[PDB]
Structures are given as structure tokens and as C-alpha cells.
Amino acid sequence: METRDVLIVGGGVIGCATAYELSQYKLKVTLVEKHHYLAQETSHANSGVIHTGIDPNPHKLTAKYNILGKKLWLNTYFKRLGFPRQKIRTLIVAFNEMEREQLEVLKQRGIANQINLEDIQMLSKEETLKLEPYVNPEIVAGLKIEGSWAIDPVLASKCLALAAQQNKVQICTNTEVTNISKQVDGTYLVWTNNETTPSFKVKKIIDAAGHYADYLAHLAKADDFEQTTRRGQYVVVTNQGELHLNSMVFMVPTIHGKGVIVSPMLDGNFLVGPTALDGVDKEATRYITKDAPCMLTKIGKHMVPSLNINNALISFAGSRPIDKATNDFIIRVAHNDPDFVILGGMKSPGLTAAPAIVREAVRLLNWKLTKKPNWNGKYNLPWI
């Protein structure tokens, strides 16, 4: 049985960035992940986009943490951590007059979420097709936003963890939390992999368990929020000849769901998707099906008609964990246990928001913390 200050449960990007942030303090920290490797779940199956903030409702935590999160990635995390990424602008395209006025709404949203005017540009049909000659010519309008990036979220999550690990954070994989009990004395005992006796005794739990973030709070008797799901399947295609894109192209999200794209990927291939299906089981959140490819053909070709979807390399899927009550991020202490911090409902744009989400996690522990004087935070993930 390890006694420790903080147990972080879940090794997606939220758990990993949390470990990184806490590694700068004098603390005994452990992170637990049920899989043999980190970032195998939602943080594996997403489009990797660092969103501008044009999209999320400005009154929600999604917008708030998008804004903070992105600044942190660009002006702090990218200076210290090496992993693949690239700067690439956002283009949202409209197909009729109703989608066209949605662009005007989106513009306003971006401004409300503090995007400078110089980054936003409404484009006519003609201007859009000049910028991106391979887009559907039946579009009527476009909205271009500079400032977005695309990263490999897997390599980023691992970089964060390795960085944390280098600064004395304990990372335990193949370790699934199966029971938690708060003690008379204020600490938790934690059982893993259904073992008989506890593996950990800790003062604080940071719940970053993705689709099981709700399960884990119910298990600690700490909060009773519930998540639902939205599963999205993608395809990656290659060998598209003369095809080029210098933007990530999006359908209007307001009409077609969040993050429906055709994007050029870091590896030179094109990502298409995703589909959308609500209410799949938690254990099914990454299952691919034979239904989805057909929807994917319609989505890709509507946006980039010269796309050949038979030139397909992989199919994969992921699901957004969605808080049932608020349809927003959950970033707070449990309502019924001030020592259990919840980072749940980590839907889009949780990746973009991550750094801000986890700094708030650190504050919600409500401790006077002492910095290690010899921390700088730098890690270059070797990759080629």
C-alpha cells in the first residue's frame, strides 16, 4: 500500500496534463490508468484540433476554458514540450442562405470569445474557392479563422506524462480503480484490479476517467452526475493526387454537429468525419461499425467532391463524454466530497482546453503548495 498526496485517475490527456502540472510541486503524486498504455481512449480518437473559440457558446465552461486553454498551449506548453503539431487555419463553409447566416452568428460568437478581428474574415463564394480550389463549388460562402493548430494528441499526452514522470510523478498502468472508500481520518483507501486489500491511501483524488468519470464519483459516493455519449467514426484517406488543402474545412456546426471535417493531417493524409450516434454504452465508445463508412462518403464528398474515399487506410472511432445535466464541462469538487476533484464531461473542446482545465484542478485541491526550485518543465519527445 502506497501512501500519497494525490491519486490521479485516468491517463488520457486530462490525467496526463494534470500529472505534468503537479510535478512542479513538492508532493507525492501517482497517476493510474487501466490500459497498458496512456492515451488509448477519447484522447486517442479525436481530430487533434486546437480550436480558435469560434464555436463554443460564450456562456459555457467550454468557451471559457477554450480561451484560456489555447493561450496556454501556444504561449507556454509549445515552448517547453516537443511533439508533432502544425499551425493550420480553420475554414467553415456554408451551402445555402440559411447556413450563410449561421456564419454571421459564428463570427459574433468568436468575437464574444475574444478572437481579434484581424483573425476572422468572412469570404464570398468566389474568395473561398480562390483560397481552397478543391472545395465544393456549390458552396455560397465561407468563414476563415486564423489561429488554430493541429497536434498529435497521443504524442502530446505521452510527452506530458513522461515530463511529469521525470519530475517524480509515479505513473501506474494496467491499474484499474475498482473501489474507493473515504476514511474516518479524511484520506481515501483505493483498491485496484479487484484486489482484496487496498493499493493506495491518499489525501486527494483527481477524477479524470473520461467515460467513467461519473462511475468513479458514484463509486466514492461523492457526486451523482451522469454522462451520456456521442460516438463518432472517422476515415483516413490517402493518394488523392493533386488535391491540396491549406485549411481544416468544417461544416457549419450549428447545423451539422461539432467538428465535422476534412482536414490535411500531420502525416500528409486526409481525415474525414466524424459521424454522430448518441447513447452508446460506455464500453462501446470506440467501436467502429459497418454502417458509418456510407455516412462518411456523403460527408467527405459533399465538402471536397474530388475526394476518393476508396483510398482508405484506417477507420477508428471515439466518443464525447457528455454531462447529462448541463451539456458542459465538469470542473469542480464533488458536491458531496471536497477532497474529490472532478474533471468530467470532457467533450470537445477538452483537448484545446486541457491546460486550463488542469490548472484549475490543481487549485481545487485547495492547498498551499510549494514549488521545486529546479523545475523548468521541458521535454522533447523523440519522434521521427
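Throughout, we count residues from 1 along the sequence that is shown.
Trainee: Quick check on the record: does 84-92 or 289-297 carry the larger mean Cα temperature factor?
Mentor: Averaged over C-alpha atoms, the B-factors run higher in 289-297.
Trainee: May I ask you to compare 187-195 and 231-239 by their mean CA B factor in the entry and name the higher one?
Mentor: Comparing averages over the C-alpha atoms only gives 187-195.
Trainee: In terms of CA temperature factor as recorded, identify the highest of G268, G273, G210, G110.
Mentor: Most elevated C-alpha B-factor of the set, per the entry: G268.
Trainee: Lowest, middle or highest third: which one holds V13 when the chain's residues are ordered by CA B-factor from the entry?
Mentor: Its C-alpha B-factor belongs to the lowest third of this chain's values.
Trainee: Please rank the C-alpha B-factors of the chain's modelled residues and tell me whether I50 sits in the lowest, middle or highest third.
Mentor: Lowest third, going by the recorded CA B-factors of the chain.
Trainee: Among all modelled residues of this chain, ranked by Cα B factor, put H44 in the bottom, middle or top third, i.e. lowest, middle or highest.
Mentor: As the PDB entry reports it, the C-alpha B-factor of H44 lands in the middle third of its chain.
Trainee: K60's Cα B-factor: lowest, middle or highest third of the chain?
Mentor: Its C-alpha B-factor, which the entry lists for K60, ranks in the lowest third among residues of this chain.
Trainee: Per the entry's values, where does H244 land by CA temperature factor relative to the rest of its chain, in the lowest, middle or highest third?
Mentor: Answer is highest: the recorded C-alpha B-factor places it there.
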